[PDB]
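Read the structure below first, then the notes.
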Amino acid sequence: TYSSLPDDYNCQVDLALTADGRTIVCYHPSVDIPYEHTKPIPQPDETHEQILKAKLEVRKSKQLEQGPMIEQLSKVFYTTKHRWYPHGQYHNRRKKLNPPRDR
Amino acid sequence: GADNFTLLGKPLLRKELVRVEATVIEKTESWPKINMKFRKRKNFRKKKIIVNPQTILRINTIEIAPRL
Amino acid sequence: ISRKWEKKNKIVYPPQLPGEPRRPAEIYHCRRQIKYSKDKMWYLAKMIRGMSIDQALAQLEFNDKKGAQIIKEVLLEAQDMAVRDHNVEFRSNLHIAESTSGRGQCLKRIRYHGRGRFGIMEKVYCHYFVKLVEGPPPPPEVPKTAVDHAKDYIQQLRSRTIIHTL
Amino acid sequence: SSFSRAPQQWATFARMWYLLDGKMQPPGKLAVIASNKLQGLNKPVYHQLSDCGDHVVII
Amino acid sequence: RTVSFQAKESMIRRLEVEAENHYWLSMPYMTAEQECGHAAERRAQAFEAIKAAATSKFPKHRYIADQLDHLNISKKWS
Amino acid sequence: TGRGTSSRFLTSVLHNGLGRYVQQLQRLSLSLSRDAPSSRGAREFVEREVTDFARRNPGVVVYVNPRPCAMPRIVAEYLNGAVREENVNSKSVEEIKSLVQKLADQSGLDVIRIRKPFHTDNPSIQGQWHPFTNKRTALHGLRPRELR
Amino acid sequence: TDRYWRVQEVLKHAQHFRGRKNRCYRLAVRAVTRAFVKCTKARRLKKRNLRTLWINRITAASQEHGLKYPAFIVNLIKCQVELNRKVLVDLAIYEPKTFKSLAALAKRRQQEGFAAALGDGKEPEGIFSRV
Amino acid sequence: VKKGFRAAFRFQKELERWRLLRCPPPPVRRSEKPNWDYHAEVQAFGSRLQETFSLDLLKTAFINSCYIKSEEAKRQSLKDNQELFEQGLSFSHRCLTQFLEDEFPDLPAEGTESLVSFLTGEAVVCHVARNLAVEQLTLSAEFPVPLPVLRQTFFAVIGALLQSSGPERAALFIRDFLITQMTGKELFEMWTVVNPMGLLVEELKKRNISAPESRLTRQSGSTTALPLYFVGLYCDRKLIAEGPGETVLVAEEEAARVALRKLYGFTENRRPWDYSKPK
RNA sequence: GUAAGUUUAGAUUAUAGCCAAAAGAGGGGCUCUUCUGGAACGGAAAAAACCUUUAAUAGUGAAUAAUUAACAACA
């Protein structure tokens with residue numbers, strides 16, 4: 001129990017100074033989650049797109065109106081309606097076509 | 001550092017323990033850097049550029065031995 | 001004065017290769033001198049953009065503006081040459097790809113007033129430019145569904161990159 | 001480690017839901033903690049433009 | 001405007017440092033008599049060098065090479 | 001200027017220095033005029049220093065074409081396809097030599113603002129931090145407030 | 001006779017402006033100088049902003065382990081650790097196991113520091129407090 | 001009308017710049033463009049690479065069937081690179097397979113075939129050749145050079161290198177120039193694996209290991225529109241690999257992928273391949 | 001401790017402050033005279049005049065300065 005911090009979450013931490021004292025030795029082997037502390041995968045019986053269709057169900061007046069459509073979209077993602085509004089041509093053209101990607 | 005252990009200098013490790021080597025890739029300079037001044041009647045011909053020199057290095061290898 | 005719209009109609013393409021789709025016809029027609037305001041004529045041009053040849057003609061026939069009648073006459077002339085000179089098989093197979101109006105050279109006069117005042121009188125003239133593409137008008141845009149909107153937002157979130165870090 | 005790039009990005013950028021009990025608790029101290037959790041300041045990789053805020057539930 | 005707690009402490013620390021300066025100025029190693037004339041010789045020598053440098057202004061010479069070298073501007077491939 | 005100018009990330013052409021370093025510059029072309037004051041410095045350079053550079057770097061193709069020319073010019077071509085032209089109009093031998101040395105050292109990579117001075121293909125070794133890190137587990141994996 | 005090229009010099013820097021400013025030389029010239037002045041000033045402020053971000057991220061990482069930022073820094077200095085603030089952020093992000101090991105080392109030094117104060121100096125220096 | 005000729009000349013340059021910007025010219029090979037000497041470039045090309053090439057053999061490697069037809073067509077109004085192409089491609093497969101096997105003995109023979117094919121892909125060979133100016137040095141009847149023709153030359157040059165410099169230099173050349181391309185490439189990125197769970201089970205039975213019991217290590221936002229699921233495969237109640245997924249199936253699929261990398265010794269923290277060895 | 005100074009000859013420019021803070025003198029807040037300091041890109045909320053600040057150069061370094069706050073009465 002030499003370590004001053006709990007070792008049960010991330011990894012076992014063993015801090016030791018070399019005999020000469022010129023170096024500090026740290027051993028950090030990882031710790032796995034106990035089987036008994038985990039739940040089994042749900043036995044009762046998937047692409048995220050499928051959930052989106054069910055979440056954004058078309059129920060009233062066939063396809064919903066623009067405002068209600070934004071409201072339904074806003075509720076699902078906990079976002080404001082202002083985000084969903086479109087933007088004009090001037091700003092749309094300004095966007096860089098090919099942003100650089102490295103690695 | 002390693003997967004399950006690390007070594008710390010106090011403030012540096014002994015030269016014997018660790019050997020690190022790298023290679024020089026390119027020598028270049030920097031893109032222009034504006035150096036305009038904030039003086040009344042600034043004028044359009046009152047500015048300077050820096051374009052400092054530059055160099056490129058690629059890491060090659062790291063060598064260690066059990067010399068604790 | 002520049003008359004590059006007509007030159008666009010004088011362009012001759014190279015002979016098409018066997019492995020090339022049949023090129024759709026493009027016709028550039030314009031009336032350079034009209035005693036009408038370009039701004040007023042533009043309203044007519046804006047509405048008719050993207051419509052079929054027959055649909056535009058029908059609307060023009062029941063239009064009250066003087067410019068609309070001129071536009072119909074301009075449209076008829078373009079259609080006639082298209083079949084006669086641009087090898088258009090079907091008269092109905094035409095749609096309004098582009099329609100716009102431009103300024104023309106004007107005339108200047110002094111505007112007298114009954115109270116001793118004077119003004120600058122201008123006789124406005126304008127140009128009208130239209131490009132016709134053989135074939136039916138393209139299908140109209142379909143508004144994005146909620147599913148489409150949500151997918152883009154999720155994709156944007158995934159596309160987010162860590163900023164200013166090793 | 002060795003995880004696929006897209007899942008790794010998803011996991012790192014994921015948002016967590018937190019529960020708070022306000023019974024006999026000063027709102028000001030809770031608000032300071034709540035602001036940290038809500039704004040996403042509890043994450044070591046917090047960035048202003050990363051929208052890393054988390055859900056906070058107070059009862 | 002009430003004084004912040006940090007401000008009061010900072011001035012006190014600086015005051016103590018100045019006090020240390022006072023003590024080290026309280027033990028003059030050399031008395032006045034010893035100081036007199038000890039470095040006069042060095043000071044005189046330095047002044048002499050100063051005078052020589054100050055009075056070194058004069059017009060510059062002119063050389064034939066300058067005019068003759070200008071002809072090289074016409075050098076070209078043979 | 002940064003908003004109005006392009007930028008890139010740190011990168012290497014094809015990891016040139018991993019196995020063996022290859023000079024990006026592949027061809028140098030020099031145009032001269034027999035009778036032109038502007039080329040006087042370039043005229044002397046060919047006599048003295050052009051040979052030394054060729055011996056030092058024999059992997060670059062050198063073209064010297066004296067011709068009637070208003071302003072001497074130097075063209076440098078790189079392996080990646082980059083081509084750069086520098087005017088030698090009224091420049092001395094020393095100025096020319098310094099420019100050539102810089103050209104040889106430079107690579108075909110574009111010279112613009114670099115967002116990051118570091119490029120690595122292995123950002124993480126111990127694993128990237130995620131929220132579940134440092135979170136204690138519970139027996140049976142019981143979720144909070146679960147009666148069970 | 002080259003006034004056009006002088007305009008082009010201003011235009012190339014003002015092409016991305018909005019309104020009549022981008023097309024009026026009288027206005028375009030003024031904006032370009034102001035934009036250049038703004039960029040020059042931002043160079044110094046950029047470095048300071050980056051340091052602030054690094055400090056904030058370290059505090060969040062330290063607070064995750066329950067350690068305050070001032071305590072961690074002081075203990076590392078007392079331990080002859082000379083890692084810079086920027087590198088400290090990198091270690092936490094990509095080496096959480098090492099960062100936790102660093103946290104324990106700093107915590108042990110702080111505990112030794114508290115022990116040293118309680119000891120009143122009679123006790124010898126701690127194993128991790130040896131300099 | 002302003003007098004003078006310098007102003008008029010300056011405007012002419014201005015017109016040319018606009019024309020180039022508006023209508024960039026069609027690409028043309030450097031061979032057609034002025035100041036091209038095939039013999040001189042090859043000598044510089046070899047010296048730049050710090051490698052020795054037999055000019056006669058190298059020319060044959062660059063020579064392509066398409067180029068001959070164009071010259072023959074002009075003639076109507078010579079040795080191909082096929083022989084060299086086969087040697088380089090055939091030897092490269094052995095060399096590429098040998099390199100992979102030594103680093104990853106655990107990796108199955110099927111995986112090596114996929115990795116070797118990816119490294120010998122037309123795009124990869126084309127990408128290397130273009131950046132090396134090999135396209136300019138390539139002899140072909142069409143510009144840009146067709147990719148399959150370019151791929152033929154690249155292995156043909158390898159065959160010429162083998163004769164000129166022997167296997168030793170060529171082997172280092174492959175390591176320095178080709179093995180470098182595998183940096184930053186994940187195992188499944190270079191090898192396509194479907195149904196990872198089934199494959200993992202097949203390997204486990206081969207190793208006589210019990211099938212792991214899938215478990216839910218962590219769960220977050222299950223009922224939200226942004227759910228996170230961590231699924232860990234537990235063998236004999238011991239976790240072998242854990243993966244993150246948005247859905248339980250995705251997490252299980254990702255966890256299988258992690259195990260497969262561990263099975264074949266493809267851990268992200270594995271020792272990097274070494275280009276330093278001079279031997 | 002430090003490096004300028006005196007004389008001779010020629011020669012112009014400048015010749016209206018501002019605010020803070022001291023010492024006087026009239027008023028009895030002001031009105032003056034005399035001495036000292038100042039002109040951030042930091043700070044006092046924005047802040048020409050107060051405080052910390054020797055010039056200006058690139059860097060994804062480091063140590064510090066001033067720095068809006070402060071913790072009813074019995075003997």
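Labels used: A, B, ... for chains in the order of the structure tokens, numbers from 1 for residues in each chain, and numbers from 1 for ligands as shown.
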(message) Please find the residues of chain A near chain F - the criterion being any atom within 10 Å, counting only C-alpha atoms - and write them as number ranges by chain.
(response) A: 7-11, 30, 33-40, 99-103
(request) Pick out the residues sitting within 12 Å of residue 51 (chain A), and hand them over as a PyMOL selection string; count only C-alpha atoms (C1' of nucleotides), and ignore anything fewer than 6 positions along from it in its own chain. (result) (chain A and resi 57+76) or (chain C and resi 147+150-151) or (chain H and resi 222-227+246-247)
Can you check which parts of chain F lie within 8 Å of chain B? Per residue, the shortest pair of atoms and distance in Å to one decimal, counting only C-alpha atoms, sorted by chain and number, as JSON lines.
{"residue": "F:16", "atom": "CA", "partner": "B:25", "partner_atom": "CA", "distance": 7.5}
{"residue": "F:17", "atom": "CA", "partner": "B:25", "partner_atom": "CA", "distance": 5.9}
{"residue": "F:18", "atom": "CA", "partner": "B:60", "partner_atom": "CA", "distance": 7.2}
{"residue": "F:21", "atom": "CA", "partner": "B:25", "partner_atom": "CA", "distance": 7.4}
{"residue": "F:102", "atom": "CA", "partner": "B:28", "partner_atom": "CA", "distance": 7.5}
{"residue": "F:105", "atom": "CA", "partner": "B:27", "partner_atom": "CA", "distance": 5.4}
{"residue": "F:106", "atom": "CA", "partner": "B:28", "partner_atom": "CA", "distance": 5.6}
{"residue": "F:107", "atom": "CA", "partner": "B:26", "partner_atom": "CA", "distance": 6.9}
{"residue": "F:111", "atom": "CA", "partner": "B:31", "partner_atom": "CA", "distance": 6.1}
{"residue": "F:112", "atom": "CA", "partner": "B:31", "partner_atom": "CA", "distance": 5.1}
{"residue": "F:113", "atom": "CA", "partner": "B:31", "partner_atom": "CA", "distance": 5.8}
{"residue": "F:125", "atom": "CA", "partner": "B:3", "partner_atom": "CA", "distance": 7.2}
{"residue": "F:126", "atom": "CA", "partner": "B:3", "partner_atom": "CA", "distance": 6.4}
(message) Would you mind listing, as a PyMOL selection string, all residues of chain B that have at least one atom within 9 Å of chain A, where only C-alpha atoms are what counts?
(response) chain B and resi 3-14+68
Atoms to include: N, CA, C and O atoms. Write the selected residues as a PDB file, in the first residue's frame.
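File written: result-v1.pdb
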ATOM      1  N   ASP B   3       4.953   1.028 -22.184  1.00  0.00           N
ATOM      2  CA  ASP B   3       3.541   0.684 -22.048  1.00  0.00           C
ATOM      3  C   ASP B   3       3.131   0.606 -20.582  1.00  0.00           C
ATOM      4  O   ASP B   3       2.077   1.122 -20.193  1.00  0.00           O
ATOM      5  N   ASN B   4       3.954  -0.038 -19.753  1.00  0.00           N
ATOM      6  CA  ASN B   4       3.611  -0.277 -18.355  1.00  0.00           C
ATOM      7  C   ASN B   4       4.606   0.339 -17.380  1.00  0.00           C
ATOM      8  O   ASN B   4       4.526   0.059 -16.179  1.00  0.00           O
ATOM      9  N   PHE B   5       5.528   1.174 -17.849  1.00  0.00           N
ATOM     10  CA  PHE B   5       6.474   1.814 -16.944  1.00  0.00           C
ATOM     11  C   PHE B   5       7.032   3.068 -17.600  1.00  0.00           C
ATOM     12  O   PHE B   5       6.973   3.234 -18.821  1.00  0.00           O
ATOM     13  N   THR B   6       7.579   3.948 -16.762  1.00  0.00           N
ATOM     14  CA  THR B   6       8.171   5.200 -17.209  1.00  0.00           C
ATOM     15  C   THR B   6       9.381   5.516 -16.342  1.00  0.00           C
ATOM     16  O   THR B   6       9.501   5.041 -15.210  1.00  0.00           O
ATOM     17  N   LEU B   7      10.282   6.331 -16.891  1.00  0.00           N
ATOM     18  CA  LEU B   7      11.486   6.763 -16.197  1.00  0.00           C
ATOM     19  C   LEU B   7      11.568   8.281 -16.233  1.00  0.00           C
ATOM     20  O   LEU B   7      11.301   8.901 -17.267  1.00  0.00           O
ATOM     21  N   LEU B   8      11.939   8.877 -15.101  1.00  0.00           N
ATOM     22  CA  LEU B   8      11.997  10.325 -14.950  1.00  0.00           C
ATOM     23  C   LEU B   8      13.397  10.740 -14.526  1.00  0.00           C
ATOM     24  O   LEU B   8      13.962  10.170 -13.586  1.00  0.00           O
ATOM     25  N   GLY B   9      13.957  11.733 -15.222  1.00  0.00           N
ATOM     26  CA  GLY B   9      15.229  12.290 -14.821  1.00  0.00           C
ATOM     27  C   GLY B   9      15.100  13.235 -13.641  1.00  0.00           C
ATOM     28  O   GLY B   9      14.031  13.771 -13.349  1.00  0.00           O
ATOM     29  N   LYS B  10      16.220  13.443 -12.951  1.00  0.00           N
ATOM     30  CA  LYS B  10      16.280  14.297 -11.765  1.00  0.00           C
ATOM     31  C   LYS B  10      17.448  15.266 -11.896  1.00  0.00           C
ATOM     32  O   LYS B  10      18.468  15.130 -11.207  1.00  0.00           O
ATOM     33  N   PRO B  11      17.334  16.265 -12.779  1.00  0.00           N
ATOM     34  CA  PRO B  11      16.233  16.524 -13.714  1.00  0.00           C
ATOM     35  C   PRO B  11      16.440  15.821 -15.050  1.00  0.00           C
ATOM     36  O   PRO B  11      15.619  15.939 -15.955  1.00  0.00           O
ATOM     37  N   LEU B  12      17.536  15.077 -15.195  1.00  0.00           N
ATOM     38  CA  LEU B  12      17.854  14.392 -16.438  1.00  0.00           C
ATOM     39  C   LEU B  12      18.350  12.989 -16.129  1.00  0.00           C
ATOM     40  O   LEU B  12      18.921  12.734 -15.066  1.00  0.00           O
ATOM     41  N   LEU B  13      18.124  12.081 -17.073  1.00  0.00           N
ATOM     42  CA  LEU B  13      18.618  10.722 -16.951  1.00  0.00           C
ATOM     43  C   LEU B  13      20.094  10.658 -17.334  1.00  0.00           C
ATOM     44  O   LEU B  13      20.633  11.551 -17.993  1.00  0.00           O
ATOM     45  N   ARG B  14      20.749   9.582 -16.910  1.00  0.00           N
ATOM     46  CA  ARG B  14      22.141   9.370 -17.275  1.00  0.00           C
ATOM     47  C   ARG B  14      22.258   9.092 -18.768  1.00  0.00           C
ATOM     48  O   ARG B  14      21.403   8.431 -19.363  1.00  0.00           O
ATOM     49  N   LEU B  68      20.204   0.320 -14.829  1.00  0.00           N
ATOM     50  CA  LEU B  68      19.760   0.943 -13.589  1.00  0.00           C
ATOM     51  C   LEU B  68      20.816   0.788 -12.499  1.00  0.00           C
ATOM     52  O   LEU B  68      20.873  -0.236 -11.819  1.00  0.00           O
TER      53      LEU B  68
END
(request) Considering only C-alpha atoms, extract the chain G residues located within 8 Å of chain B and return them as a list in words. (result) residues 29, 33, 36, 37, 39, 40, 79, 80, 81, 82 and 98 of chain G
Output file for the residues above (C-alpha atoms, as a CSV table (one decimal), in the first residue's frame):
chain,number,residue,atom,x,y,z
G,29,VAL,CA,-6.8,51.0,-48.7
G,33,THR,CA,-3.8,48.8,-43.2
G,36,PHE,CA,-2.4,44.3,-41.1
G,37,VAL,CA,-2.2,46.2,-37.9
G,39,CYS,CA,-2.7,40.8,-37.3
G,40,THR,CA,0.6,42.2,-36.0
G,79,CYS,CA,10.7,17.1,-6.9
G,80,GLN,CA,13.1,18.6,-9.5
G,81,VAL,CA,10.6,18.0,-12.2
G,82,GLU,CA,11.1,20.5,-15.1
G,98,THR,CA,1.6,8.2,-16.7
(request) Identify, on the basis of only C-alpha atoms (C1' of nucleotides), every residue whose closest approach to residue 72 (chain F) does not exceed 7 Å; exclude the query and any residue fewer than 5 positions from it along the same chain; express the result as number ranges by chain. (result) F: 31-33, 39, 87-89
